[PDB]
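The file my_file12.cif comes next; it holds mmCIF, C-alpha atoms.
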```
data_upload
loop_
_atom_site.label_atom_id
_atom_site.label_comp_id
_atom_site.auth_asym_id
_atom_site.auth_seq_id
_atom_site.Cartn_x
_atom_site.Cartn_y
_atom_site.Cartn_z
CA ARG A 1 0.00 0.00 0.00
CA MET A 2 2.87 2.45 0.68
CA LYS A 3 4.48 1.97 -2.75
CA UNK A 4 1.27 1.68 -4.76
CA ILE A 5 0.45 5.77 -2.45
CA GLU A 6 3.88 6.71 -3.78
CA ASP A 7 3.29 5.60 -7.39
CA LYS A 8 -0.22 7.06 -7.62
CA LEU A 9 1.84 10.95 -5.78
CA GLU A 10 4.25 10.42 -8.69
CA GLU A 11 1.50 10.13 -11.28
CA UNK A 12 0.34 13.96 -8.94
CA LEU A 13 3.84 15.25 -9.71
CA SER A 14 3.78 14.18 -13.38
CA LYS A 15 0.17 15.23 -14.32
CA UNK A 16 0.65 18.42 -12.35
CA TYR A 17 4.27 19.26 -15.41
CA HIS A 18 1.59 18.19 -17.93
CA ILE A 19 -1.32 20.42 -16.82
CA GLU A 20 0.81 23.23 -15.42
CA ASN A 21 2.23 22.90 -20.05
CA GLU A 22 -1.48 22.68 -20.85
CA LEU A 23 -2.53 25.78 -18.96
CA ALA A 24 0.39 27.94 -20.05
CA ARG A 25 -0.72 26.04 -24.27
CA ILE A 26 -4.18 27.46 -23.50
CA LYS A 27 -3.40 30.88 -21.93
CA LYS A 28 -0.59 31.57 -24.38
CA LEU A 29 -3.90 30.32 -27.53
CA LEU A 30 -5.85 32.94 -25.53
CA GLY A 31 -3.19 35.58 -26.21
CA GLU A 32 -1.73 36.13 -22.75
CA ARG A 33 1.44 37.55 -25.44
CA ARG B 1 -3.45 8.17 8.03
CA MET B 2 -2.58 5.86 5.14
CA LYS B 3 -6.26 5.28 4.28
CA UNK B 4 -7.66 8.71 5.10
CA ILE B 5 -4.00 9.70 2.20
CA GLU B 6 -5.54 7.03 -0.10
CA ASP B 7 -9.16 8.24 -0.14
CA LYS B 8 -8.40 11.95 0.12
CA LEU B 9 -5.44 10.85 -3.38
CA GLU B 10 -8.58 9.26 -4.83
CA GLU B 11 -10.60 12.46 -4.43
CA UNK B 12 -6.84 14.10 -6.72
CA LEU B 13 -7.80 11.34 -9.15
CA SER B 14 -11.57 12.11 -9.40
CA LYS B 15 -10.80 15.72 -10.45
CA UNK B 16 -8.35 14.77 -13.18
CA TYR B 17 -12.39 13.46 -15.31
CA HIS B 18 -13.51 17.07 -14.60
CA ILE B 19 -10.33 18.99 -15.44
CA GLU B 20 -9.23 16.87 -18.38
CA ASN B 21 -13.81 17.75 -19.59
CA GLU B 22 -12.81 21.37 -19.06
CA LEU B 23 -9.35 21.54 -20.69
CA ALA B 24 -10.43 19.45 -23.70
CA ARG B 25 -14.30 22.21 -23.62
CA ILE B 26 -11.73 24.99 -23.84
CA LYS B 27 -9.06 23.78 -26.28
CA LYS B 28 -11.58 21.99 -28.49
CA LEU B 29 -13.74 26.31 -28.41
CA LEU B 30 -10.21 27.17 -29.56
CA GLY B 31 -10.35 24.64 -32.44
CA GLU B 32 -7.20 22.89 -31.29
CA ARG B 33 -3.76 20.34 -31.20
CA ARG C 1 8.73 8.59 4.62
CA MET C 2 5.12 9.13 5.74
CA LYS C 3 5.52 12.73 6.89
CA UNK C 4 7.54 13.76 3.86
CA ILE C 5 4.03 11.48 1.78
CA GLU C 6 1.81 13.82 3.85
CA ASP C 7 3.68 16.97 2.75
CA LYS C 8 3.93 16.02 -0.92
CA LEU C 9 -0.68 15.22 -0.29
CA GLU C 10 -0.56 18.83 0.95
CA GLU C 11 1.19 19.94 -2.23
CA UNK C 12 -2.31 17.72 -4.14
CA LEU C 13 -4.31 20.19 -2.09
CA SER C 14 -2.32 23.35 -2.94
CA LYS C 15 -2.08 22.66 -6.69
CA UNK C 16 -5.63 21.31 -7.14
CA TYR C 17 -6.93 25.62 -5.40
CA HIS C 18 -4.17 26.85 -7.74
CA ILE C 19 -5.38 25.08 -10.88
CA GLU C 20 -9.04 25.46 -10.01
CA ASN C 21 -7.50 29.97 -9.95
CA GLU C 22 -5.93 29.13 -13.34
CA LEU C 23 -9.12 27.66 -14.81
CA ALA C 24 -11.39 30.38 -13.43
CA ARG C 25 -8.06 33.27 -15.27
CA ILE C 26 -8.88 31.18 -18.32
CA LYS C 27 -12.66 31.66 -18.04
CA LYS C 28 -12.47 35.36 -17.23
CA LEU C 29 -9.63 35.14 -21.06
CA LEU C 30 -12.72 33.45 -22.58
CA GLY C 31 -15.09 36.27 -21.63
CA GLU C 32 -16.99 33.88 -19.32
CA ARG C 33 -19.70 32.91 -15.91
#
```
Would it be possible to restate this file's structure as structure tokens?
Amino acid sequence: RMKXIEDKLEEXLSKXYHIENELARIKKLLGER
Amino acid sequence: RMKXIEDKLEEXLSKXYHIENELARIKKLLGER
Amino acid sequence: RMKXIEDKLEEXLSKXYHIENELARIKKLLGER
């Protein structure tokens, strides 16, 4: 259970580079310049 | 605390349906890749 | 290990108010309620 918590935080840290690229894709389509 | 980490990670995971609806509403208004 | 798990949950909580500010910047770039 501790490793399978750690693996599912890591998948947290990884989705959170992906969304934190997606938000700055979208804001920079919405013309923030 | 491990279970009240697991359920309150699961509640992390449940948002990633809603955010990944909203990011793909927005980018797909923007007509986009 | 568990305390430094709990701190990186708390960072879950901080990013999931931050992203839910970013999505509501994006709505107010979309002209939207």
>> Once the PyMOL selection byres ((chain A) within 7 of (chain C)) has been evaluated on this model, what residues remain selected, and can you format them as a PyMOL selection string?
In response: chain A and resi 12+27+30
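Matched residue by residue, the Cα atoms of chain C sit on those of chain B with an RMSD of 1.5 Å after a least-squares fit.
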> To one decimal place, how far is atom CA of residue 28 of chain A from atom CA of residue 32 of chain B in Å?
Replying inline: 12.9 Å
> Quick one: distance from atom CA of residue 14 of chain A to atom CA of residue 24 of chain B in Å, one decimal?
Replying inline: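 Between atom CA of residue 14 of chain A and atom CA of residue 24 of chain B the gap works out to 18.3 Å.
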> What separation in Å, quoted to one decimal, exists between atom CA of residue 21 of chain C and atom CA of residue 17 of chain B?
Replying inline: 18.0 Å
Please supply segment 5-25 of chain A, rebuilt with N, CA, C and O atoms, as a JSON list (two decimals), in the frame of the given file.
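Below is the file result_12.json, written as the result:
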```
[["chain", "number", "residue", "atom", "x", "y", "z"],
["A", 5, "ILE", "N", 0.36, 4.35, -2.79],
["A", 5, "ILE", "CA", 0.45, 5.77, -2.45],
["A", 5, "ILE", "C", 1.54, 6.53, -3.18],
["A", 5, "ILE", "O", 1.28, 7.58, -3.76],
["A", 6, "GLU", "N", 2.76, 5.99, -3.18],
["A", 6, "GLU", "CA", 3.88, 6.71, -3.78],
["A", 6, "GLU", "C", 3.78, 6.77, -5.30],
["A", 6, "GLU", "O", 4.02, 7.81, -5.89],
["A", 7, "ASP", "N", 3.41, 5.66, -5.92],
["A", 7, "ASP", "CA", 3.29, 5.60, -7.39],
["A", 7, "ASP", "C", 2.11, 6.43, -7.93],
["A", 7, "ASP", "O", 2.23, 7.09, -8.98],
["A", 8, "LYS", "N", 0.99, 6.37, -7.22],
["A", 8, "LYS", "CA", -0.22, 7.06, -7.62],
["A", 8, "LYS", "C", 0.23, 9.42, -6.77],
["A", 8, "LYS", "O", 0.04, 10.17, -7.72],
["A", 9, "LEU", "N", 1.07, 9.70, -5.80],
["A", 9, "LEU", "CA", 1.84, 10.95, -5.78],
["A", 9, "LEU", "C", 2.70, 11.23, -7.01],
["A", 9, "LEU", "O", 2.73, 12.36, -7.48],
["A", 10, "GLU", "N", 3.40, 10.23, -7.53],
["A", 10, "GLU", "CA", 4.25, 10.42, -8.69],
["A", 10, "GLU", "C", 3.47, 10.69, -9.96],
["A", 10, "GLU", "O", 3.87, 11.51, -10.78],
["A", 11, "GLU", "N", 2.36, 9.98, -10.12],
["A", 11, "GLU", "CA", 1.50, 10.13, -11.28],
["A", 11, "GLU", "C", 0.78, 11.49, -11.28],
["A", 11, "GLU", "O", 0.73, 12.18, -12.32],
["A", 12, "UNK", "N", 0.25, 11.88, -10.12],
["A", 12, "UNK", "CA", 0.34, 13.96, -8.94],
["A", 12, "UNK", "C", 1.46, 14.76, -9.55],
["A", 12, "UNK", "O", 1.22, 15.66, -10.31],
["A", 13, "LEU", "N", 2.71, 14.45, -9.21],
["A", 13, "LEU", "CA", 3.84, 15.25, -9.71],
["A", 13, "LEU", "C", 3.99, 15.30, -11.23],
["A", 13, "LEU", "O", 4.39, 16.34, -11.76],
["A", 14, "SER", "N", 3.66, 14.22, -11.92],
["A", 14, "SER", "CA", 3.78, 14.18, -13.38],
["A", 14, "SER", "C", 2.60, 14.85, -14.12],
["A", 14, "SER", "O", 2.82, 15.62, -15.04],
["A", 15, "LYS", "N", 1.36, 14.56, -13.73],
["A", 15, "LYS", "CA", 0.17, 15.23, -14.32],
["A", 15, "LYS", "C", 0.14, 16.73, -14.00],
["A", 15, "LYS", "O", -0.35, 17.56, -14.80],
["A", 16, "UNK", "N", 0.61, 17.06, -12.81],
["A", 16, "UNK", "CA", 0.65, 18.42, -12.35],
["A", 16, "UNK", "C", 2.65, 19.30, -13.61],
["A", 16, "UNK", "O", 2.10, 20.26, -14.12],
["A", 17, "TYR", "N", 3.70, 18.72, -14.16],
["A", 17, "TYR", "CA", 4.27, 19.26, -15.41],
["A", 17, "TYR", "C", 3.31, 19.30, -16.61],
["A", 17, "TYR", "O", 3.38, 20.26, -17.40],
["A", 18, "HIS", "N", 2.45, 18.29, -16.76],
["A", 18, "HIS", "CA", 1.59, 18.19, -17.93],
["A", 18, "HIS", "C", 0.50, 19.26, -17.97],
["A", 18, "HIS", "O", 0.34, 19.92, -19.00],
["A", 19, "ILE", "N", -0.24, 19.42, -16.88],
["A", 19, "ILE", "CA", -1.32, 20.42, -16.82],
["A", 19, "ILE", "C", -0.76, 21.82, -16.60],
["A", 19, "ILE", "O", -1.17, 22.77, -17.26],
["A", 20, "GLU", "N", 0.19, 21.95, -15.69],
["A", 20, "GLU", "CA", 0.81, 23.23, -15.42],
["A", 20, "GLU", "C", 1.86, 23.65, -17.74],
["A", 20, "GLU", "O", 1.38, 24.71, -18.09],
["A", 21, "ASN", "N", 2.27, 22.71, -18.60],
["A", 21, "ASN", "CA", 2.23, 22.90, -20.05],
["A", 21, "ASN", "C", 0.89, 23.14, -20.72],
["A", 21, "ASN", "O", 0.85, 23.82, -21.75],
["A", 22, "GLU", "N", -0.18, 22.56, -20.19],
["A", 22, "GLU", "CA", -1.48, 22.68, -20.85],
["A", 22, "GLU", "C", -2.08, 24.05, -20.60],
["A", 22, "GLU", "O", -2.66, 24.66, -21.50],
["A", 23, "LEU", "N", -1.95, 24.51, -19.35],
["A", 23, "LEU", "CA", -2.53, 25.78, -18.96],
["A", 23, "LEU", "C", -1.78, 26.96, -19.56],
["A", 23, "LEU", "O", -2.40, 27.91, -19.99],
["A", 24, "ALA", "N", -0.45, 26.87, -19.55],
["A", 24, "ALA", "CA", 0.39, 27.94, -20.05],
["A", 24, "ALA", "C", 0.29, 27.46, -22.54],
["A", 24, "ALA", "O", -0.11, 28.48, -23.06],
["A", 25, "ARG", "N", 0.03, 26.26, -23.03],
["A", 25, "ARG", "CA", -0.72, 26.04, -24.27],
["A", 25, "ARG", "C", -1.98, 26.89, -24.43],
["A", 25, "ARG", "O", -2.15, 27.56, -25.45]]
```
